[PDB]
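Asks: This is work_4.cif, which holds mmCIF, C-alpha atoms:
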```
data_target
#
loop_
_atom_site.label_atom_id
_atom_site.label_comp_id
_atom_site.auth_asym_id
_atom_site.auth_seq_id
_atom_site.Cartn_x
_atom_site.Cartn_y
_atom_site.Cartn_z
CA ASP I 482 0.00 0.00 0.00
CA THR I 483 2.50 2.60 -1.21
CA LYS I 484 0.63 5.68 0.01
CA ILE I 485 1.12 8.85 -2.03
CA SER I 486 2.63 10.33 1.13
CA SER I 487 5.88 8.63 0.13
CA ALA I 488 6.15 10.50 -3.16
CA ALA I 489 5.51 13.67 -1.16
CA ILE I 490 8.04 13.29 1.65
CA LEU I 491 10.39 12.08 -1.08
CA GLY I 492 10.51 15.32 -3.06
CA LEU I 493 10.79 17.46 0.07
CA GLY I 494 13.35 14.99 1.42
CA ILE I 495 15.68 16.35 -1.25
CA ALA I 496 14.63 19.93 -0.52
CA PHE I 497 15.98 19.43 2.99
CA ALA I 498 19.19 21.41 2.50
CA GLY I 499 17.70 22.89 -0.67
CA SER I 500 17.42 26.58 0.21
CA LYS I 501 14.63 26.95 2.77
CA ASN I 502 11.25 26.59 1.09
CA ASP I 503 7.74 27.43 2.28
CA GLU I 504 6.60 24.01 1.08
CA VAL I 505 8.36 22.24 3.93
CA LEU I 506 6.20 23.63 6.73
CA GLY I 507 3.40 24.18 4.22
CA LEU I 508 3.05 20.39 4.10
CA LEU I 509 4.79 18.99 7.18
CA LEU I 510 3.36 21.44 9.70
CA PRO I 511 -0.26 20.74 8.62
CA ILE I 512 0.31 16.98 8.75
CA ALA I 513 1.29 17.68 12.36
CA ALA I 514 -0.61 20.87 13.16
CA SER I 515 -3.90 20.91 11.26
CA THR I 516 -5.59 19.32 14.27
CA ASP I 517 -4.52 15.69 14.65
CA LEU I 518 -3.37 13.76 11.59
CA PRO I 519 -1.45 10.46 12.00
CA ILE I 520 1.20 10.74 14.71
CA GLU I 521 3.49 8.20 13.05
CA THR I 522 4.19 9.95 9.75
CA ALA I 523 3.92 13.27 11.59
CA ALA I 524 6.66 12.00 13.90
CA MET I 525 9.29 11.63 11.18
CA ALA I 526 8.10 14.98 9.84
CA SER I 527 8.62 16.78 13.15
CA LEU I 528 12.26 15.67 13.08
CA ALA I 529 12.69 16.93 9.52
CA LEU I 530 11.90 20.42 10.80
CA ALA I 531 14.39 20.14 13.66
CA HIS I 532 17.45 19.02 11.71
CA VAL I 533 16.53 21.48 8.95
CA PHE I 534 15.46 24.50 11.00
CA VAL I 535 18.11 23.40 13.50
CA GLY I 536 19.62 26.87 13.16
CA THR I 537 16.79 29.40 13.07
CA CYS I 538 13.76 28.42 15.14
CA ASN I 539 10.28 29.92 15.40
CA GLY I 540 7.47 29.93 17.96
CA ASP I 541 4.72 29.03 15.50
CA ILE I 542 6.58 25.74 15.08
CA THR I 543 6.44 24.97 18.80
CA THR I 544 2.95 26.33 19.45
CA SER I 545 1.53 24.07 16.75
CA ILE I 546 3.67 21.14 17.87
CA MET I 547 2.29 21.84 21.34
CA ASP I 548 -1.39 21.82 20.36
CA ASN I 549 -0.89 18.28 19.08
CA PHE I 550 1.04 17.34 22.22
CA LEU I 551 -2.06 18.01 24.31
CA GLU I 552 -4.44 16.34 21.85
CA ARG I 553 -2.50 13.24 22.89
CA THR I 554 -4.80 10.36 23.81
CA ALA I 555 -2.22 8.49 25.89
CA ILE I 556 -3.96 5.50 24.33
CA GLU I 557 -1.83 5.30 21.19
CA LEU I 558 1.24 4.86 23.38
CA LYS I 559 1.40 1.49 21.61
CA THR I 560 3.16 2.90 18.55
CA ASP I 561 6.68 4.27 18.95
CA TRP I 562 7.07 8.02 18.47
CA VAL I 563 7.49 9.47 21.96
CA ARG I 564 11.25 9.50 21.41
CA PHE I 565 11.33 11.67 18.29
CA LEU I 566 8.62 13.86 19.81
CA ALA I 567 10.71 14.44 22.93
CA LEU I 568 14.08 14.88 21.22
CA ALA I 569 12.25 17.44 19.10
CA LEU I 570 11.16 19.70 21.96
CA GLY I 571 14.82 19.42 22.95
CA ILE I 572 17.12 19.87 19.96
CA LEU I 573 14.64 22.58 18.97
CA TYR I 574 15.98 25.04 21.54
CA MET I 575 19.58 25.52 22.66
CA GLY I 576 19.59 28.65 24.82
CA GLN I 577 18.63 32.19 23.84
CA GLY I 578 16.24 33.59 26.44
CA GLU I 579 14.74 31.46 29.21
CA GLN I 580 12.90 29.86 26.29
CA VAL I 581 12.94 26.27 27.54
CA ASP I 582 12.35 27.54 31.07
CA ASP I 583 8.94 28.78 29.92
CA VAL I 584 8.20 25.48 28.20
CA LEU I 585 8.75 23.40 31.33
CA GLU I 586 6.55 25.92 33.13
CA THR I 587 3.69 25.20 30.74
CA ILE I 588 3.91 21.41 30.96
CA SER I 589 3.54 21.82 34.72
CA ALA I 590 0.69 24.28 34.22
CA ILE I 591 -1.47 21.38 33.02
CA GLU I 592 -0.88 18.91 35.85
CA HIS I 593 2.11 16.57 35.79
CA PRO I 594 1.40 13.41 33.73
CA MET I 595 3.92 10.93 32.34
CA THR I 596 5.47 14.03 30.77
CA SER I 597 8.16 13.44 33.39
CA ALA I 598 10.36 11.98 30.65
CA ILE I 599 10.26 15.35 28.91
CA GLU I 600 10.65 17.35 32.11
CA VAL I 601 13.86 15.57 33.11
CA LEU I 602 15.34 15.27 29.62
CA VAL I 603 14.45 18.77 28.44
CA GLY I 604 15.23 19.81 32.01
CA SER I 605 18.85 18.73 31.66
CA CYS I 606 19.40 20.51 28.35
CA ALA I 607 18.92 24.28 28.52
CA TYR I 608 21.73 26.70 29.33
CA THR I 609 25.36 26.39 28.25
CA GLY I 610 26.73 22.91 28.96
CA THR I 611 28.24 21.14 25.96
CA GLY I 612 31.18 23.29 24.89
CA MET J 1 -13.21 33.68 -10.84
CA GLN J 2 -10.58 30.95 -11.09
CA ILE J 3 -9.59 29.55 -7.70
CA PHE J 4 -7.00 26.88 -6.93
CA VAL J 5 -7.03 24.07 -4.37
CA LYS J 6 -3.70 22.78 -3.07
CA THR J 7 -3.82 19.17 -1.90
CA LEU J 8 -1.79 17.77 0.99
CA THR J 9 0.41 16.07 -1.60
CA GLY J 10 1.57 18.63 -4.17
CA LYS J 11 -1.22 18.57 -6.75
CA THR J 12 -3.23 21.76 -7.29
CA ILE J 13 -6.80 21.61 -8.58
CA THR J 14 -8.13 24.62 -10.48
CA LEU J 15 -11.88 25.28 -10.39
CA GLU J 16 -13.96 28.15 -11.75
CA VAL J 17 -16.24 29.51 -9.04
CA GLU J 18 -17.91 32.78 -8.03
CA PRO J 19 -17.89 35.09 -4.97
CA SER J 20 -21.43 34.02 -4.07
CA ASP J 21 -20.68 30.31 -4.43
CA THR J 22 -21.28 28.42 -1.19
CA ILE J 23 -18.43 26.43 0.35
CA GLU J 24 -20.67 23.36 0.36
CA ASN J 25 -20.99 23.82 -3.39
CA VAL J 26 -17.22 23.94 -3.81
CA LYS J 27 -16.73 20.74 -1.83
CA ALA J 28 -19.27 19.14 -4.15
CA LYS J 29 -17.19 20.11 -7.18
CA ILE J 30 -14.13 18.55 -5.56
CA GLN J 31 -16.04 15.31 -4.97
CA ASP J 32 -17.00 15.19 -8.65
CA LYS J 33 -13.35 15.65 -9.61
CA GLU J 34 -11.48 13.44 -7.15
CA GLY J 35 -13.50 11.06 -4.98
CA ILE J 36 -13.51 12.57 -1.49
CA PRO J 37 -16.99 13.02 0.06
CA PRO J 38 -17.99 16.42 1.51
CA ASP J 39 -18.24 14.96 5.01
CA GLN J 40 -14.50 14.41 4.57
CA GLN J 41 -12.96 17.75 3.59
CA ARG J 42 -11.43 20.73 5.38
CA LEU J 43 -10.77 23.89 3.38
CA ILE J 44 -8.45 26.38 5.09
CA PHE J 45 -7.23 29.82 4.03
CA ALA J 46 -4.86 32.32 5.63
CA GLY J 47 -5.06 30.01 8.64
CA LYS J 48 -8.86 30.04 8.78
CA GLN J 49 -11.14 27.03 8.35
CA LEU J 50 -14.13 27.60 6.07
CA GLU J 51 -17.60 26.53 7.22
CA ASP J 52 -20.37 25.22 4.97
CA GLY J 53 -23.24 27.47 3.92
CA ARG J 54 -20.96 30.51 3.90
CA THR J 55 -19.79 31.79 0.52
CA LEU J 56 -16.38 32.49 -1.01
CA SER J 57 -17.25 36.12 -0.31
CA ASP J 58 -17.61 35.66 3.45
CA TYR J 59 -13.90 34.84 3.55
CA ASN J 60 -12.53 37.49 1.19
CA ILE J 61 -11.50 34.63 -1.10
CA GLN J 62 -10.64 36.44 -4.34
CA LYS J 63 -9.38 34.88 -7.57
CA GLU J 64 -6.18 32.87 -7.89
CA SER J 65 -6.58 31.88 -4.24
CA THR J 66 -4.74 28.73 -3.14
CA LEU J 67 -7.18 27.02 -0.79
CA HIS J 68 -5.43 24.59 1.55
CA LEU J 69 -7.28 21.29 1.26
CA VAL J 70 -6.68 19.44 4.53
CA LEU J 71 -8.18 16.10 5.57
CA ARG J 72 -10.25 16.32 8.75
CA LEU J 73 -8.66 13.42 10.63
CA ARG J 74 -8.21 10.94 7.79
CA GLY J 75 -9.70 7.54 8.61
CA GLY J 76 -6.68 5.38 7.80
CA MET B 1 -6.55 44.81 38.81
CA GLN B 2 -3.72 45.22 36.30
CA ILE B 3 -3.05 41.64 35.21
CA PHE B 4 -0.43 40.38 32.76
CA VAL B 5 -0.86 37.86 29.96
CA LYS B 6 2.24 36.03 28.75
CA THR B 7 2.04 34.37 25.34
CA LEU B 8 3.83 31.10 24.58
CA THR B 9 5.49 32.76 21.59
CA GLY B 10 7.05 35.57 23.61
CA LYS B 11 4.98 38.64 24.45
CA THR B 12 3.43 40.02 27.64
CA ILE B 13 0.15 41.94 27.45
CA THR B 14 -1.14 44.15 30.26
CA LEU B 15 -4.91 44.10 30.74
CA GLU B 16 -6.94 45.87 33.43
CA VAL B 17 -9.62 43.43 34.59
CA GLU B 18 -11.58 42.62 37.74
CA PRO B 19 -12.21 39.51 39.90
CA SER B 20 -15.77 39.19 38.60
CA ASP B 21 -14.62 39.48 34.99
CA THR B 22 -15.46 36.43 32.89
CA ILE B 23 -12.71 34.61 31.01
CA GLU B 24 -14.71 35.08 27.81
CA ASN B 25 -14.60 38.82 28.47
CA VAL B 26 -10.82 38.70 28.80
CA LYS B 27 -10.48 36.84 25.51
CA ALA B 28 -12.53 39.58 23.85
CA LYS B 29 -10.16 42.24 25.19
CA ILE B 30 -7.21 40.32 23.77
CA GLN B 31 -8.85 40.10 20.35
CA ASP B 32 -9.26 43.88 20.41
CA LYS B 33 -5.54 44.17 21.14
CA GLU B 34 -3.97 41.68 18.73
CA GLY B 35 -6.29 39.81 16.37
CA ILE B 36 -6.47 36.23 17.63
CA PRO B 37 -10.12 35.06 17.50
CA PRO B 38 -11.50 34.06 20.94
CA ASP B 39 -12.03 30.51 19.70
CA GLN B 40 -8.24 30.37 19.43
CA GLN B 41 -6.78 31.29 22.81
CA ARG B 42 -6.03 28.63 25.42
CA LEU B 43 -5.50 30.43 28.73
CA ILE B 44 -3.67 28.61 31.53
CA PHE B 45 -2.63 29.63 35.04
CA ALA B 46 -0.74 28.16 38.00
CA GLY B 47 -3.71 25.80 38.32
CA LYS B 48 -4.77 24.53 34.90
CA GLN B 49 -6.69 25.66 31.82
CA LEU B 50 -9.32 28.38 32.22
CA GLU B 51 -12.75 27.78 30.69
CA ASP B 52 -15.18 30.38 29.35
CA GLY B 53 -17.94 31.80 31.55
CA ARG B 54 -16.05 31.35 34.82
CA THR B 55 -14.56 34.50 36.35
CA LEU B 56 -11.02 35.41 37.37
CA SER B 57 -12.34 34.84 40.88
CA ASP B 58 -12.95 31.11 40.47
CA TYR B 59 -9.18 30.73 40.27
CA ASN B 60 -7.93 33.21 42.87
CA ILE B 61 -6.16 35.07 40.07
CA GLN B 62 -5.00 38.25 41.80
CA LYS B 63 -3.40 41.34 40.27
CA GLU B 64 -0.14 41.38 38.33
CA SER B 65 -0.80 37.71 37.60
CA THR B 66 0.88 36.19 34.54
CA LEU B 67 -1.63 34.20 32.50
CA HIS B 68 -0.25 31.84 29.87
CA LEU B 69 -1.88 32.03 26.44
CA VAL B 70 -1.56 29.41 23.70
CA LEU B 71 -3.24 30.32 20.41
CA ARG B 72 -4.30 27.54 18.04
CA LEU B 73 -2.02 28.12 15.05
CA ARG B 74 -1.70 31.48 13.32
CA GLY B 75 -4.93 33.39 13.91
CA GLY B 76 -5.31 35.77 10.97
#
```
Represent the supplied structure as structure tokens.
Replies:
Amino acid sequence: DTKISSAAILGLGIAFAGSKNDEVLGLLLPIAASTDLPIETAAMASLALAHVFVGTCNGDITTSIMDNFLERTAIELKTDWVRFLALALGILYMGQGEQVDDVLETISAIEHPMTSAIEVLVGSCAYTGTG
Amino acid sequence: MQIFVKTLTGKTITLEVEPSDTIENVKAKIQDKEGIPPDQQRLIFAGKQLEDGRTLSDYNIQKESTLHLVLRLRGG
Amino acid sequence: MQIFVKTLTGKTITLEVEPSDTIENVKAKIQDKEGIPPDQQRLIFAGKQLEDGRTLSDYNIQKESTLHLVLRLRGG
């Protein structure tokens, strides 16, 4: 069942280091921002943004990625994707202005679920500490 | 006017509509072209989801507008 | 009471409200400031998420309180 999605991610896949296109987020973001959309495919997509936009980051990227984070059902924990999701909220930042500090503050704002994994992990990485 | 509909794949469908045309009507045209049923479409523009009944005029949707065709929680 | 509203993105907005003020009312004030439709502003405080109707009193939200705001994707 070779879904058309393949042909899509394929083209963009080459546009990775292309020259920064509006098609990347114009297709990936939606697949992981619209409202829900499959978490699996969206997972690999989220990473694509990180590595790519590894340099310049934007809030809209996080905000959207956050909306989906909440929509979580905690029932699909069966499929693997929590790793990429986490690493994303991490590699994303790297120090600039108590940015991450605010993030951890939000996660706590809405109770304290199994998000512990993120708290600790993301908690470790923040200020200067990697040379 | 001639409006365009970008699919979540890369293909862009061009359809000739009017400013009074109702969204529901547009969705119908898309169903006749592709095969997606109305109860399975989500048109978005400038970061704003369009609701049925309304018209392409209630969203300032002029000509040559690239409507973002998103799937409202695709089944599979 | 002069309360503050911090946005996830990175912007603090000062709004003069009262303890009997309804969350919905606050959202309206924000819309008049920026342009993010009410149906696109998730407010959260030390406690949890604030729902419409309720007042800033059903949370103990005092003055100079920083209320988190998470908009659902670009408003526009």
Asks: Could you please give me, as number ranges by chain, the residues of protein, DNA or RNA lying at most 12 Å from (-14.9, 27.3, -13.4) in the coordinate frame of the file, considering only C-alpha atoms?
Replies: J: 1-4, 13-19, 21, 26, 29-30, 63-64
Asks: Output the contact residues of chain B with respect to chain I at a cut-off of 7 Å, based on only C-alpha atoms, as a PyMOL selection string.
Replies: chain B and resi 9+44-49+70+72-73
Asks: Give me the RMSD in Å over all C-alpha atoms, paired in order, after least-squares superposition of chain J onto chain B.
Replies: 1.8 Å
Asks: Which residue, B:34, B:39, B:58, B:51, has the smallest gap to chain J when you use all atoms listed in the file?
Replies: B:39
Asks: Using only C-alpha atoms, determine which residues of chain B fall within 12 Å of chain J; present them as a ChimeraX atom specification.
Replies: /B:36-37,39-40,71-76
Asks: Taking the file above as input, evaluate the PyMOL selection byres ((chain I and resi 600) around 10) and report the hits as number ranges by chain.
Replies: I: 567, 584-586, 588-589, 593, 595-599, 601-605
Asks: Tell me which protein, DNA and RNA residues are within 10 Å of residue I:534, counting only C-alpha atoms, leaving out same-chain ones fewer than 3 positions away, and put them as a ChimeraX atom specification.
Replies: /I:497-498,501,528-531,537-539,542,573
Asks: Taking C-alpha atoms for each residue, export the selection above as a CSV table (one decimal), keeping the file's coordinate frame.
Replies:
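That gives us part.csv:
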```csv
chain,number,residue,atom,x,y,z
I,497,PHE,CA,16.0,19.4,3.0
I,498,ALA,CA,19.2,21.4,2.5
I,501,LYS,CA,14.6,27.0,2.8
I,528,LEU,CA,12.3,15.7,13.1
I,529,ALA,CA,12.7,16.9,9.5
I,530,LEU,CA,11.9,20.4,10.8
I,531,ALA,CA,14.4,20.1,13.7
I,537,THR,CA,16.8,29.4,13.1
I,538,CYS,CA,13.8,28.4,15.1
I,539,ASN,CA,10.3,29.9,15.4
I,542,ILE,CA,6.6,25.7,15.1
I,573,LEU,CA,14.6,22.6,19.0
```
Asks: Write out as lines of an AutoDock Vina configuration file an axis-aligned box for stretch 20-26 of chain J: all of its atoms listed in the file, 8 Å added on each side, centre and edge lengths in Å with one decimal.
Replies:
```
center_x = -19.3
center_y = 28.7
center_z = -2.0
size_x = 20.2
size_y = 26.7
size_z = 20.8
```
Asks: How far is it from atom CA of residue I:512 to atom CA of residue J:65, in Å with one decimal?
Replies: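 These atoms are spaced 20.9 Å apart.
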Asks: Report the residues retrieved by the PyMOL selection byres ((chain J and resi 8) around 10) from the displayed file, expressed as a PyMOL selection string.
Replies: (chain I and resi 485-486+489+507-509+511-512) or (chain J and resi 5-7+9-12+68-71)
Asks: Could you state the separation of atom CA of residue I:552 and atom CA of residue I:521 in Å, given to one decimal place?
Replies: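 Atom-to-atom, atom CA of residue I:552 and atom CA of residue I:521 are spaced 14.4 Å apart.
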Asks: What is the atom CA of residue I:563 to atom CA of residue I:518 distance in Å?
Replies: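 Computing it gives 15.6 Å between the two atoms.
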Asks: Applied to this file, what does the PyMOL selection byres ((chain J and resi 53) around 12) return in terms of residues, put as a count of residues only?
Replies: 17
Asks: Any chance you could build stretch 527-548 of chain I out to N, CA, C and O atoms and write it as a PDB file, in the coordinates of the input?
Replies:
```
ATOM      1  N   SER I 527       8.185  15.867  12.096  1.00  0.00           N
ATOM      2  CA  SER I 527       8.620  16.780  13.150  1.00  0.00           C
ATOM      3  C   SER I 527      10.146  16.863  13.183  1.00  0.00           C
ATOM      4  O   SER I 527      10.712  17.947  13.319  1.00  0.00           O
ATOM      5  N   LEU I 528      10.801  15.714  13.059  1.00  0.00           N
ATOM      6  CA  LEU I 528      12.260  15.670  13.080  1.00  0.00           C
ATOM      7  C   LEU I 528      12.833  16.438  11.890  1.00  0.00           C
ATOM      8  O   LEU I 528      13.803  17.183  12.031  1.00  0.00           O
ATOM      9  N   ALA I 529      12.230  16.248  10.721  1.00  0.00           N
ATOM     10  CA  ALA I 529      12.690  16.930   9.520  1.00  0.00           C
ATOM     11  C   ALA I 529      12.829  18.425   9.762  1.00  0.00           C
ATOM     12  O   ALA I 529      13.779  19.056   9.298  1.00  0.00           O
ATOM     13  N   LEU I 530      11.876  18.990  10.497  1.00  0.00           N
ATOM     14  CA  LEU I 530      11.900  20.420  10.800  1.00  0.00           C
ATOM     15  C   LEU I 530      13.079  20.751  11.709  1.00  0.00           C
ATOM     16  O   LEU I 530      13.778  21.741  11.498  1.00  0.00           O
ATOM     17  N   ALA I 531      13.290  19.919  12.724  1.00  0.00           N
ATOM     18  CA  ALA I 531      14.390  20.140  13.660  1.00  0.00           C
ATOM     19  C   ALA I 531      15.718  20.216  12.923  1.00  0.00           C
ATOM     20  O   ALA I 531      16.309  21.289  12.802  1.00  0.00           O
ATOM     21  N   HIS I 532      16.185  19.073  12.431  1.00  0.00           N
ATOM     22  CA  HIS I 532      17.450  19.020  11.710  1.00  0.00           C
ATOM     23  C   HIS I 532      17.562  20.201  10.741  1.00  0.00           C
ATOM     24  O   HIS I 532      18.560  20.922  10.741  1.00  0.00           O
ATOM     25  N   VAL I 533      16.534  20.389   9.920  1.00  0.00           N
ATOM     26  CA  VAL I 533      16.530  21.480   8.950  1.00  0.00           C
ATOM     27  C   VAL I 533      16.609  22.828   9.667  1.00  0.00           C
ATOM     28  O   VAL I 533      17.648  23.487   9.654  1.00  0.00           O
ATOM     29  N   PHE I 534      15.505  23.229  10.288  1.00  0.00           N
ATOM     30  CA  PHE I 534      15.460  24.500  11.000  1.00  0.00           C
ATOM     31  C   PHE I 534      16.255  24.411  12.303  1.00  0.00           C
ATOM     32  O   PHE I 534      15.945  25.095  13.278  1.00  0.00           O
ATOM     33  N   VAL I 535      17.280  23.565  12.309  1.00  0.00           N
ATOM     34  CA  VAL I 535      18.110  23.400  13.500  1.00  0.00           C
ATOM     35  C   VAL I 535      18.753  24.722  13.893  1.00  0.00           C
ATOM     36  O   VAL I 535      19.009  24.971  15.071  1.00  0.00           O
ATOM     37  N   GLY I 536      19.011  25.569  12.901  1.00  0.00           N
ATOM     38  CA  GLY I 536      19.620  26.870  13.160  1.00  0.00           C
ATOM     39  C   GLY I 536      18.588  27.871  13.650  1.00  0.00           C
ATOM     40  O   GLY I 536      18.487  28.139  14.848  1.00  0.00           O
ATOM     41  N   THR I 537      17.820  28.424  12.718  1.00  0.00           N
ATOM     42  CA  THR I 537      16.790  29.400  13.070  1.00  0.00           C
ATOM     43  C   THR I 537      15.498  28.695  13.463  1.00  0.00           C
ATOM     44  O   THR I 537      14.971  27.875  12.713  1.00  0.00           O
ATOM     45  N   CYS I 538      14.991  29.024  14.648  1.00  0.00           N
ATOM     46  CA  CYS I 538      13.760  28.420  15.140  1.00  0.00           C
ATOM     47  C   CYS I 538      12.658  29.469  15.254  1.00  0.00           C
ATOM     48  O   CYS I 538      12.934  30.668  15.312  1.00  0.00           O
ATOM     49  N   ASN I 539      11.411  29.012  15.289  1.00  0.00           N
ATOM     50  CA  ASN I 539      10.280  29.920  15.400  1.00  0.00           C
ATOM     51  C   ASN I 539       9.271  29.400  16.423  1.00  0.00           C
ATOM     52  O   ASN I 539       9.221  28.203  16.705  1.00  0.00           O
ATOM     53  N   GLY I 540       8.471  30.307  16.974  1.00  0.00           N
ATOM     54  CA  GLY I 540       7.470  29.930  17.960  1.00  0.00           C
ATOM     55  C   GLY I 540       6.329  29.152  17.316  1.00  0.00           C
ATOM     56  O   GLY I 540       5.925  28.097  17.806  1.00  0.00           O
ATOM     57  N   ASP I 541       5.813  29.681  16.211  1.00  0.00           N
ATOM     58  CA  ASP I 541       4.720  29.030  15.500  1.00  0.00           C
ATOM     59  C   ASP I 541       4.966  27.527  15.397  1.00  0.00           C
ATOM     60  O   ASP I 541       4.036  26.726  15.495  1.00  0.00           O
ATOM     61  N   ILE I 542       6.225  27.153  15.198  1.00  0.00           N
ATOM     62  CA  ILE I 542       6.580  25.740  15.080  1.00  0.00           C
ATOM     63  C   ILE I 542       6.272  25.001  16.376  1.00  0.00           C
ATOM     64  O   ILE I 542       5.676  23.925  16.357  1.00  0.00           O
ATOM     65  N   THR I 543       6.680  25.584  17.499  1.00  0.00           N
ATOM     66  CA  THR I 543       6.440  24.970  18.800  1.00  0.00           C
ATOM     67  C   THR I 543       4.953  24.992  19.140  1.00  0.00           C
ATOM     68  O   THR I 543       4.349  23.953  19.400  1.00  0.00           O
ATOM     69  N   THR I 544       4.369  26.186  19.137  1.00  0.00           N
ATOM     70  CA  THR I 544       2.950  26.330  19.450  1.00  0.00           C
ATOM     71  C   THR I 544       2.139  25.222  18.796  1.00  0.00           C
ATOM     72  O   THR I 544       1.419  24.486  19.472  1.00  0.00           O
ATOM     73  N   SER I 545       2.260  25.102  17.478  1.00  0.00           N
ATOM     74  CA  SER I 545       1.530  24.070  16.750  1.00  0.00           C
ATOM     75  C   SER I 545       1.893  22.690  17.281  1.00  0.00           C
ATOM     76  O   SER I 545       1.017  21.889  17.609  1.00  0.00           O
ATOM     77  N   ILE I 546       3.192  22.421  17.371  1.00  0.00           N
ATOM     78  CA  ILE I 546       3.670  21.140  17.870  1.00  0.00           C
ATOM     79  C   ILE I 546       3.119  20.880  19.272  1.00  0.00           C
ATOM     80  O   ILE I 546       2.973  19.732  19.692  1.00  0.00           O
ATOM     81  N   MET I 547       2.817  21.956  19.991  1.00  0.00           N
ATOM     82  CA  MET I 547       2.290  21.840  21.340  1.00  0.00           C
ATOM     83  C   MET I 547       0.819  21.426  21.304  1.00  0.00           C
ATOM     84  O   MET I 547       0.405  20.496  21.998  1.00  0.00           O
ATOM     85  N   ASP I 548       0.035  22.122  20.487  1.00  0.00           N
ATOM     86  CA  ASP I 548      -1.390  21.820  20.360  1.00  0.00           C
ATOM     87  C   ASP I 548      -1.595  20.318  20.190  1.00  0.00           C
ATOM     88  O   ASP I 548      -2.472  19.726  20.818  1.00  0.00           O
TER      89      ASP I 548
END
```
